[PDB]
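Engineer: Data: target_2.txt, compact mmCIF, C-alpha atoms and all ligand atoms.
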# COMPACT_ATOMS: atom_id res chain seq x y z
CA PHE A 604 87.68 111.30 110.53
CA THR A 605 90.25 110.03 107.99
CA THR A 606 91.86 111.63 104.94
CA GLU A 607 89.80 111.16 101.77
CA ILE A 608 92.16 110.86 98.79
CA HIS A 609 91.15 111.53 95.22
CA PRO A 610 91.59 108.56 92.85
CA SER A 611 93.65 110.74 90.50
CA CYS A 612 96.37 110.96 93.18
CA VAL A 613 96.82 107.17 93.31
CA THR A 614 98.77 105.01 90.85
CA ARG A 615 98.72 101.22 91.28
CA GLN A 616 101.91 99.61 89.96
CA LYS A 617 102.51 96.08 91.32
CA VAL A 618 100.32 93.42 92.91
CA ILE A 619 101.93 92.46 96.23
CA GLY A 620 98.96 90.55 97.63
CA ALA A 621 95.77 89.35 95.97
CA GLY A 622 92.41 88.01 97.12
CA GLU A 623 88.90 87.27 95.96
CA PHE A 624 87.39 90.58 97.13
CA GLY A 625 90.38 92.69 96.06
CA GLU A 626 94.13 93.01 95.83
CA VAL A 627 96.97 94.74 97.66
CA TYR A 628 99.18 96.89 95.42
CA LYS A 629 102.43 98.72 95.67
CA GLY A 630 101.89 102.17 94.21
CA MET A 631 102.47 105.92 94.44
CA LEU A 632 100.50 108.75 96.08
CA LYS A 633 100.38 112.45 95.27
CA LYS A 639 104.39 109.06 91.33
CA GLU A 640 105.99 110.75 94.37
CA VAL A 641 105.69 108.81 97.66
CA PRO A 642 105.39 105.00 97.60
CA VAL A 643 102.32 103.52 99.26
CA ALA A 644 100.50 100.24 99.60
CA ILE A 645 96.95 100.16 98.25
CA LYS A 646 94.22 97.71 99.28
CA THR A 647 91.05 97.60 97.15
CA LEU A 648 87.45 96.42 97.50
CA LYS A 649 85.86 95.35 94.21
CA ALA A 650 82.29 96.11 93.13
CA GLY A 651 79.55 93.87 94.44
CA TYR A 652 80.92 93.88 97.98
CA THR A 653 78.37 93.25 100.72
CA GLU A 654 77.41 95.52 103.59
CA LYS A 655 79.47 93.34 105.95
CA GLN A 656 82.49 93.50 103.64
CA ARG A 657 82.24 97.29 103.47
CA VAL A 658 81.98 97.63 107.26
CA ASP A 659 84.93 95.27 107.79
CA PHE A 660 87.00 96.95 105.05
CA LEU A 661 86.45 100.56 106.13
CA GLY A 662 86.51 99.41 109.75
CA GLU A 663 90.13 98.36 109.33
CA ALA A 664 90.92 101.88 108.11
CA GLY A 665 88.94 103.45 110.95
CA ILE A 666 90.93 101.44 113.51
CA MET A 667 94.28 102.28 111.91
CA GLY A 668 93.37 105.97 111.69
CA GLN A 669 93.03 106.02 115.49
CA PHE A 670 96.68 104.93 115.97
CA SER A 671 99.87 106.98 115.81
CA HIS A 672 102.94 104.91 116.69
CA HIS A 673 106.32 104.12 115.13
CA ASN A 674 105.61 100.37 115.24
CA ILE A 675 102.03 100.41 113.87
CA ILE A 676 101.32 100.65 110.14
CA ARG A 677 100.48 104.26 109.27
CA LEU A 678 97.29 105.07 107.37
CA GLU A 679 97.68 107.61 104.57
CA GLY A 680 93.98 107.80 103.74
CA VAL A 681 91.02 106.16 102.06
CA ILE A 682 89.10 106.36 98.81
CA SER A 683 85.45 105.85 99.73
CA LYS A 684 83.67 108.40 97.50
CA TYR A 685 84.65 106.46 94.36
CA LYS A 686 84.79 102.82 93.30
CA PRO A 687 86.63 100.65 93.82
CA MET A 688 87.24 101.70 97.41
CA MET A 689 90.84 101.84 98.58
CA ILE A 690 92.87 101.91 101.78
CA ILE A 691 96.25 103.59 101.34
CA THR A 692 99.06 103.06 103.86
CA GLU A 693 102.79 103.52 104.07
CA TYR A 694 104.71 101.01 101.96
CA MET A 695 106.85 98.48 103.85
CA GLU A 696 109.62 97.61 101.39
CA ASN A 697 110.64 94.25 102.86
CA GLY A 698 107.20 92.65 103.18
CA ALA A 699 106.00 90.21 105.81
CA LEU A 700 108.43 89.32 108.58
CA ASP A 701 108.04 85.55 108.35
CA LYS A 702 108.88 85.40 104.64
CA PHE A 703 111.59 88.05 105.13
CA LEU A 704 113.45 86.00 107.75
CA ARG A 705 113.12 82.75 105.78
CA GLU A 706 114.74 84.42 102.75
CA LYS A 707 117.57 86.02 104.79
CA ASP A 708 118.49 83.03 106.96
CA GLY A 709 121.43 83.85 109.24
CA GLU A 710 122.06 87.30 107.73
CA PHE A 711 121.44 89.38 110.88
CA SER A 712 123.13 89.86 114.22
CA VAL A 713 121.52 88.79 117.47
CA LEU A 714 121.24 92.46 118.46
CA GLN A 715 119.41 93.21 115.19
CA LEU A 716 116.97 90.33 115.78
CA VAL A 717 116.32 91.48 119.35
CA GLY A 718 115.73 95.04 118.14
CA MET A 719 113.04 93.73 115.80
CA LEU A 720 111.35 92.14 118.82
CA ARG A 721 111.59 95.37 120.83
CA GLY A 722 109.85 97.26 118.03
CA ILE A 723 107.08 94.65 117.81
CA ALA A 724 106.67 94.72 121.60
CA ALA A 725 106.47 98.53 121.64
CA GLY A 726 103.70 98.40 119.04
CA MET A 727 101.84 95.75 121.05
CA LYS A 728 102.23 97.72 124.28
CA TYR A 729 100.68 100.70 122.52
CA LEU A 730 97.82 98.55 121.19
CA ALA A 731 97.15 96.92 124.56
CA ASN A 732 97.14 100.31 126.32
CA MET A 733 94.73 101.56 123.63
CA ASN A 734 92.45 98.63 124.59
CA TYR A 735 92.91 96.87 121.24
CA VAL A 736 93.31 93.07 121.32
CA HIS A 737 95.00 91.83 118.16
CA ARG A 738 93.96 88.11 118.25
CA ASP A 739 96.27 87.20 115.35
CA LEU A 740 99.79 88.25 116.34
CA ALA A 741 102.30 86.32 114.20
CA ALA A 742 105.32 87.12 112.05
CA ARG A 743 103.15 86.84 108.93
CA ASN A 744 101.22 89.87 110.25
CA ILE A 745 104.34 91.99 110.92
CA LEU A 746 105.73 94.17 108.13
CA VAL A 747 109.34 95.32 107.71
CA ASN A 748 110.68 98.49 106.06
CA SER A 749 114.11 99.41 104.66
CA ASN A 750 115.21 100.59 108.14
CA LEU A 751 114.49 97.08 109.53
CA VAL A 752 111.64 98.57 111.58
CA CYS A 753 108.88 96.03 112.29
CA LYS A 754 105.29 97.26 112.37
CA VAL A 755 102.19 95.41 113.55
CA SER A 756 99.63 95.02 110.73
CA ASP A 757 96.28 93.27 110.06
CA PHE A 758 93.61 95.15 112.05
CA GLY A 759 89.85 94.78 112.37
CA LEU A 760 87.23 92.72 114.16
CA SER A 761 85.92 89.38 112.84
CA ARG A 762 87.72 90.11 109.62
CA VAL A 763 91.16 89.32 111.02
CA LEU A 764 90.70 85.62 111.79
CA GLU A 765 88.30 85.09 108.96
CA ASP A 766 90.79 86.13 106.30
CA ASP A 767 93.89 84.42 107.73
CA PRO A 768 94.28 81.01 106.05
CA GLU A 769 96.46 79.82 108.95
CA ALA A 770 93.34 80.12 111.13
CA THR A 771 91.48 76.80 111.06
CA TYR A 772 87.99 75.86 112.24
CA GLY A 777 86.18 79.19 116.60
CA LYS A 778 88.42 79.88 113.59
CA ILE A 779 91.88 80.60 115.03
CA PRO A 780 95.59 80.06 114.24
CA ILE A 781 96.20 77.30 116.75
CA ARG A 782 100.02 77.34 116.95
CA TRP A 783 100.04 81.07 117.81
CA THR A 784 97.02 81.13 120.13
CA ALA A 785 96.90 81.08 123.92
CA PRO A 786 95.18 78.10 125.59
CA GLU A 787 92.37 80.16 127.12
CA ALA A 788 91.61 81.61 123.68
CA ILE A 789 91.54 78.16 122.06
CA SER A 790 89.54 76.64 124.92
CA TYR A 791 86.79 79.20 125.54
CA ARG A 792 87.45 82.17 123.21
CA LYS A 793 89.03 84.44 125.86
CA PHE A 794 91.07 86.87 123.72
CA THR A 795 92.90 89.55 125.76
CA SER A 796 96.18 91.43 125.67
CA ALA A 797 97.53 88.51 127.72
CA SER A 798 96.68 86.04 124.97
CA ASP A 799 98.47 88.45 122.63
CA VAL A 800 101.46 88.05 124.97
CA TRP A 801 101.43 84.29 124.42
CA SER A 802 101.39 84.99 120.68
CA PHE A 803 104.28 87.42 121.14
CA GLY A 804 106.31 84.62 122.70
CA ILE A 805 105.72 82.60 119.54
CA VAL A 806 106.79 85.61 117.46
CA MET A 807 110.00 85.79 119.53
CA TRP A 808 110.62 82.14 118.62
CA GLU A 809 109.87 82.79 114.93
CA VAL A 810 112.34 85.68 114.85
CA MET A 811 115.19 83.87 116.60
CA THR A 812 114.75 80.84 114.30
CA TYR A 813 114.55 82.89 111.07
CA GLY A 814 110.96 81.88 110.41
CA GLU A 815 110.85 78.24 111.51
CA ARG A 816 107.34 76.82 111.64
CA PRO A 817 106.20 76.54 115.28
CA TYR A 818 105.99 72.92 116.49
CA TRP A 819 107.21 71.86 113.02
CA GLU A 820 105.13 69.01 111.62
CA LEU A 821 102.93 68.43 114.70
CA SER A 822 99.26 68.62 113.81
CA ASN A 823 96.97 71.25 115.35
CA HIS A 824 95.47 68.71 117.72
CA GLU A 825 98.94 67.47 118.64
CA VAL A 826 100.00 71.06 119.41
CA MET A 827 97.03 71.63 121.73
CA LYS A 828 97.75 68.24 123.35
CA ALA A 829 101.44 69.01 123.83
CA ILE A 830 100.72 72.47 125.28
CA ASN A 831 98.09 71.19 127.71
CA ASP A 832 100.56 68.54 128.94
CA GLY A 833 103.17 71.24 129.66
CA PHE A 834 105.41 70.96 126.61
CA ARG A 835 106.85 74.17 125.17
CA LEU A 836 108.87 75.04 122.09
CA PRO A 837 112.59 74.26 122.58
CA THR A 838 115.41 76.79 122.58
CA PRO A 839 116.41 78.14 119.15
CA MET A 840 119.99 77.85 118.02
CA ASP A 841 122.21 80.78 119.06
CA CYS A 842 119.49 82.18 121.30
CA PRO A 843 120.35 84.49 124.22
CA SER A 844 119.44 82.91 127.54
CA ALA A 845 117.56 86.08 128.54
CA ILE A 846 115.49 85.90 125.34
CA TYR A 847 114.52 82.24 125.82
CA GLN A 848 113.61 82.92 129.46
CA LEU A 849 111.35 85.79 128.35
CA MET A 850 109.51 83.75 125.71
CA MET A 851 109.03 80.90 128.21
CA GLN A 852 107.29 83.30 130.58
CA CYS A 853 105.02 84.45 127.74
CA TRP A 854 103.89 80.79 127.58
CA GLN A 855 102.68 80.40 131.17
CA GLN A 856 99.45 78.41 131.29
CA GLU A 857 98.02 80.82 133.89
CA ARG A 858 97.26 84.05 132.03
CA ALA A 859 97.77 86.15 135.17
CA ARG A 860 101.42 85.00 135.42
CA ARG A 861 102.46 86.25 131.97
CA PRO A 862 104.40 89.50 131.61
CA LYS A 863 102.51 92.53 130.50
CA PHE A 864 103.75 94.16 127.31
CA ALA A 865 105.16 97.00 129.43
CA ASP A 866 107.38 94.42 131.15
CA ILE A 867 108.46 92.92 127.82
CA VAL A 868 109.47 96.29 126.34
CA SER A 869 111.35 97.24 129.50
CA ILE A 870 113.34 93.98 129.57
CA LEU A 871 114.13 94.16 125.86
CA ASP A 872 115.20 97.81 126.27
CA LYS A 873 117.61 96.85 129.05
CA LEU A 874 119.13 93.95 127.09
CA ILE A 875 119.69 96.08 123.97
CA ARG A 876 121.28 98.88 126.03
CA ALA A 877 123.67 96.42 127.74
CA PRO A 878 124.22 94.31 124.61
CA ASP A 879 126.88 92.06 126.17
CA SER A 880 124.00 90.50 128.14
CA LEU A 881 122.88 88.89 124.86
CA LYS A 882 126.16 86.97 124.54
CA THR A 883 125.08 84.45 127.20
CA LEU A 884 123.29 81.77 125.16
CA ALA A 885 120.82 79.16 126.30
CA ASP A 886 121.93 75.59 125.71
CA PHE A 887 120.68 74.09 122.45
CA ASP A 888 119.82 70.38 122.59
CA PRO A 889 120.81 68.83 119.24
CA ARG A 890 118.73 66.52 117.06
CA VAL A 891 121.75 64.97 115.29
CA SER A 892 124.85 63.31 116.75
CA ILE A 893 127.95 63.71 114.57
CA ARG A 894 130.88 61.89 116.18
CA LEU A 895 134.26 61.87 114.44
CA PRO A 896 137.51 59.91 115.16
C1 LIG A 901 97.34 98.90 102.15
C2 LIG A 901 96.93 98.38 103.37
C3 LIG A 901 95.59 98.40 103.72
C4 LIG A 901 95.16 97.89 104.94
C5 LIG A 901 96.08 97.34 105.83
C6 LIG A 901 97.44 97.31 105.50
CL1 LIG A 901 98.58 96.64 106.62
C7 LIG A 901 97.85 97.83 104.27
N1 LIG A 901 99.16 97.81 103.96
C8 LIG A 901 99.68 96.67 103.48
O1 LIG A 901 99.02 95.64 103.29
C9 LIG A 901 100.99 96.69 103.18
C10 LIG A 901 101.86 97.67 103.46
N2 LIG A 901 103.12 97.42 103.05
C11 LIG A 901 103.28 96.23 102.44
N3 LIG A 901 104.47 95.81 101.95
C12 LIG A 901 104.69 94.61 101.37
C13 LIG A 901 103.95 93.46 101.60
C14 LIG A 901 104.24 92.26 100.96
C15 LIG A 901 105.32 92.19 100.09
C16 LIG A 901 106.08 93.32 99.85
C17 LIG A 901 107.18 93.25 99.00
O2 LIG A 901 107.49 94.19 98.27
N4 LIG A 901 107.85 92.09 99.13
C18 LIG A 901 109.10 91.69 98.46
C19 LIG A 901 110.30 92.28 99.18
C20 LIG A 901 111.55 91.57 98.67
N5 LIG A 901 111.30 90.91 97.37
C21 LIG A 901 110.59 91.85 96.48
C22 LIG A 901 109.16 92.06 96.97
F1 LIG A 901 108.27 91.27 96.34
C23 LIG A 901 105.77 94.52 100.49
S1 LIG A 901 101.79 95.48 102.42
Go ahead and express the file in the form of structure tokens.
Ligand SMILES: Cc1cccc(Cl)c1NC(=O)c1cnc(Nc2cccc(C(=O)N[C@@H]3CCNC[C@H]3F)c2)s1

Structural biologist:
Amino acid sequence: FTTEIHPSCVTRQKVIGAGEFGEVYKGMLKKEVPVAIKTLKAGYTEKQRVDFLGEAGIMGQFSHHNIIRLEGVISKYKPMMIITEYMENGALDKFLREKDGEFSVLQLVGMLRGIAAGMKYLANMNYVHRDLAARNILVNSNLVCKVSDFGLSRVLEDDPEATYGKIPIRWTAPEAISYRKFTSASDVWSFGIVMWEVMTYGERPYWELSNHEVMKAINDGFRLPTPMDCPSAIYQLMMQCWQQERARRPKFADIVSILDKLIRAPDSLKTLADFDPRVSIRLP
């Protein structure tokens, strides 16, 4: 099933994420290998237990470089724990915002290829993520990006960015907002937003537009503008992720292939899409 770990092998050291029902810790697994540790405090309900251990069950079924690896679970003792590999650099959105401009275009594009490879794996495994966003991508000390945040109802319920179904509007495909059609193709729309987040170093999609204004703009055909210093091929790809008609979007296999080709002929990334400025500075 999954690996049951004895509590004596686990040492919690730092809180890296807290919540009402539990906390996420950085720790060590047997003071030897660093791990992340997610707990479930006493008094949890049946639904909370199913959702909590269900996340571990889903992760245990995956084995991919760009998907968070499960080390094991503590279920025989309390509190219960999910133990995974430790991603040293945290969530991608916060990571990019705190390292603004510090990476090359080729590095940024390689992050996107890793994310896409993880999503292609998930889609082929018949797993729809529903909440793909930079905040749900984790980064390690090799700059590898791994898709995180698995489960069923639990995913959108626990994301504060998801607003009342209960979804994160700015990242969500129109068919999923409109009539709750979540598929790998709505994940592709979300991946286009993640592309835009990466190339902007964590800019907030649609900026200060309200949720209703975002839905209104999308339905009227508006799309996010080109990031600064963005390869033309990258902007073209994210625009095709945002096709209103779900059947016109690339599959993840197409995305990975295109990103592979660009990275392997890296001069192709030097052709930038035009950036339309929001300030005019004219000097005599
Ligand atoms: C444990 C677990 C259970 C179930 C699902 C999952 Cl995906 C997990 N694993 C995790 O939640 C995590 C795995 N790795 C994580 N790494 C992480 C997350 C958030 C912040 C940090 C972290 O150390 N962030 C910064 C990095 C730079 N400044 C110092 C640190 F605070 C690391 S969280």

Engineer: Which residues come within 6 Å of residue 802 of chain A, counting only C-alpha atoms, excluding same-chain residues fewer than 4 positions away, as JSON, numbers by chain?

Structural biologist: {"A": [740, 783, 784]}

Engineer: Which residues are near ligand LIG 901 (chain A) - at most 8 Å, using only C-alpha atoms and all ligand atoms? Format: as a ChimeraX atom specification.

Structural biologist: /A:619-620,627-629,643-646,663-664,676,678,689-699,703,746-748,755-758

Engineer: Please list as a ChimeraX atom specification every residue within 10 Å of residue 799 of chain A, counting only C-alpha atoms and excluding residues in the same chain fewer than 5 positions away.

Structural biologist: /A:727,731,736-741,783-785,788,794,804-805,853,863-864

Engineer: Counting only C-alpha atoms, figure out which residue out of A:887, A:854, A:685, A:813 gets nearest to residue 712 of chain A.

Structural biologist: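 When distances to residue 712 of chain A are compared using only C-alpha atoms, the smallest one comes from A:813.
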
Engineer: Any idea what the distance is between atom CA of residue 838 of chain A and atom CA of residue 809 of chain A?

Structural biologist: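 Computing the Euclidean distance for atom CA of residue 838 of chain A and atom CA of residue 809 of chain A yields 11.2 Å.
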
Engineer: Which value, in Å to one decimal, gives the distance between atom CA of residue 763 of chain A and atom CA of residue 607 of chain A?

Structural biologist: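 Pair atom CA of residue 763 of chain A / atom CA of residue 607 of chain A returns 23.8 Å.
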
Engineer: Would you please work out which residue, of A:720, A:743, A:765, A:855, is nearest to residue 808 of chain A when using all atoms listed in the file?

Structural biologist: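 Result for the nearest residue to residue 808 of chain A: A:720.
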
Engineer: Nearest residue to residue 819 of chain A out of A:745, A:836, A:867, A:895, using all atoms listed in the file?

Structural biologist: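 Of the candidates, the smallest distance to residue 819 of chain A is held by A:836.
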
Engineer: Taking only N, CA and C atoms, show segment 852-874 of chain A of the given structure as a PDB file, in the first residue's frame.

Structural biologist:
ATOM      1  N   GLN A 852      -2.429  29.781 -26.769  1.00  0.00           N
ATOM      2  CA  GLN A 852      -3.185  28.618 -27.218  1.00  0.00           C
ATOM      3  C   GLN A 852      -3.721  27.790 -26.055  1.00  0.00           C
ATOM      4  N   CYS A 853      -3.089  27.864 -24.880  1.00  0.00           N
ATOM      5  CA  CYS A 853      -3.676  27.253 -23.695  1.00  0.00           C
ATOM      6  C   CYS A 853      -4.987  27.920 -23.309  1.00  0.00           C
ATOM      7  N   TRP A 854      -5.189  29.172 -23.729  1.00  0.00           N
ATOM      8  CA  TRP A 854      -6.332  29.986 -23.331  1.00  0.00           C
ATOM      9  C   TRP A 854      -7.401  30.062 -24.414  1.00  0.00           C
ATOM     10  N   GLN A 855      -7.487  29.058 -25.279  1.00  0.00           N
ATOM     11  CA  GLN A 855      -8.559  29.024 -26.266  1.00  0.00           C
ATOM     12  C   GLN A 855      -9.886  28.744 -25.571  1.00  0.00           C
ATOM     13  N   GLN A 856     -10.915  29.522 -25.927  1.00  0.00           N
ATOM     14  CA  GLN A 856     -12.230  29.329 -25.325  1.00  0.00           C
ATOM     15  C   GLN A 856     -12.726  27.906 -25.542  1.00  0.00           C
ATOM     16  N   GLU A 857     -12.541  27.378 -26.754  1.00  0.00           N
ATOM     17  CA  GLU A 857     -13.000  26.036 -27.103  1.00  0.00           C
ATOM     18  C   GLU A 857     -11.986  25.023 -26.586  1.00  0.00           C
ATOM     19  N   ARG A 858     -12.404  24.243 -25.587  1.00  0.00           N
ATOM     20  CA  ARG A 858     -11.523  23.288 -24.927  1.00  0.00           C
ATOM     21  C   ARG A 858     -10.852  22.340 -25.919  1.00  0.00           C
ATOM     22  N   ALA A 859     -11.573  21.924 -26.957  1.00  0.00           N
ATOM     23  CA  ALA A 859     -11.003  20.991 -27.923  1.00  0.00           C
ATOM     24  C   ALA A 859      -9.911  21.608 -28.790  1.00  0.00           C
ATOM     25  N   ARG A 860      -9.688  22.923 -28.750  1.00  0.00           N
ATOM     26  CA  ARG A 860      -8.609  23.530 -29.525  1.00  0.00           C
ATOM     27  C   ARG A 860      -7.318  23.686 -28.738  1.00  0.00           C
ATOM     28  N   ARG A 861      -7.341  23.441 -27.429  1.00  0.00           N
ATOM     29  CA  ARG A 861      -6.148  23.645 -26.622  1.00  0.00           C
ATOM     30  C   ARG A 861      -5.145  22.529 -26.884  1.00  0.00           C
ATOM     31  N   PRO A 862      -3.853  22.806 -26.729  1.00  0.00           N
ATOM     32  CA  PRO A 862      -2.866  21.725 -26.811  1.00  0.00           C
ATOM     33  C   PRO A 862      -3.080  20.703 -25.708  1.00  0.00           C
ATOM     34  N   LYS A 863      -2.755  19.454 -26.011  1.00  0.00           N
ATOM     35  CA  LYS A 863      -2.640  18.495 -24.927  1.00  0.00           C
ATOM     36  C   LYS A 863      -1.300  18.707 -24.231  1.00  0.00           C
ATOM     37  N   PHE A 864      -1.177  18.173 -23.016  1.00  0.00           N
ATOM     38  CA  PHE A 864       0.100  18.314 -22.322  1.00  0.00           C
ATOM     39  C   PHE A 864       1.241  17.668 -23.096  1.00  0.00           C
ATOM     40  N   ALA A 865       0.980  16.561 -23.805  1.00  0.00           N
ATOM     41  CA  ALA A 865       2.019  15.977 -24.651  1.00  0.00           C
ATOM     42  C   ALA A 865       2.553  16.993 -25.654  1.00  0.00           C
ATOM     43  N   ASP A 866       1.664  17.798 -26.246  1.00  0.00           N
ATOM     44  CA  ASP A 866       2.111  18.828 -27.185  1.00  0.00           C
ATOM     45  C   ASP A 866       2.950  19.881 -26.481  1.00  0.00           C
ATOM     46  N   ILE A 867       2.523  20.296 -25.286  1.00  0.00           N
ATOM     47  CA  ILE A 867       3.239  21.335 -24.550  1.00  0.00           C
ATOM     48  C   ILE A 867       4.662  20.886 -24.238  1.00  0.00           C
ATOM     49  N   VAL A 868       4.812  19.671 -23.696  1.00  0.00           N
ATOM     50  CA  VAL A 868       6.136  19.154 -23.356  1.00  0.00           C
ATOM     51  C   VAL A 868       7.010  19.079 -24.597  1.00  0.00           C
ATOM     52  N   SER A 869       6.452  18.580 -25.698  1.00  0.00           N
ATOM     53  CA  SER A 869       7.225  18.452 -26.927  1.00  0.00           C
ATOM     54  C   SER A 869       7.756  19.810 -27.376  1.00  0.00           C
ATOM     55  N   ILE A 870       6.875  20.815 -27.429  1.00  0.00           N
ATOM     56  CA  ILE A 870       7.272  22.152 -27.878  1.00  0.00           C
ATOM     57  C   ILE A 870       8.329  22.737 -26.954  1.00  0.00           C
ATOM     58  N   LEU A 871       8.121  22.607 -25.643  1.00  0.00           N
ATOM     59  CA  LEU A 871       9.089  23.143 -24.697  1.00  0.00           C
ATOM     60  C   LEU A 871      10.435  22.427 -24.828  1.00  0.00           C
ATOM     61  N   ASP A 872      10.396  21.100 -25.015  1.00  0.00           N
ATOM     62  CA  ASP A 872      11.618  20.332 -25.269  1.00  0.00           C
ATOM     63  C   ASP A 872      12.386  20.912 -26.445  1.00  0.00           C
ATOM     64  N   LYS A 873      11.689  21.132 -27.560  1.00  0.00           N
ATOM     65  CA  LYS A 873      12.335  21.616 -28.774  1.00  0.00           C
ATOM     66  C   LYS A 873      12.945  22.997 -28.573  1.00  0.00           C
ATOM     67  N   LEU A 874      12.233  23.893 -27.883  1.00  0.00           N
ATOM     68  CA  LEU A 874      12.762  25.233 -27.643  1.00  0.00           C
ATOM     69  C   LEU A 874      14.028  25.180 -26.796  1.00  0.00           C
TER      70      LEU A 874
END
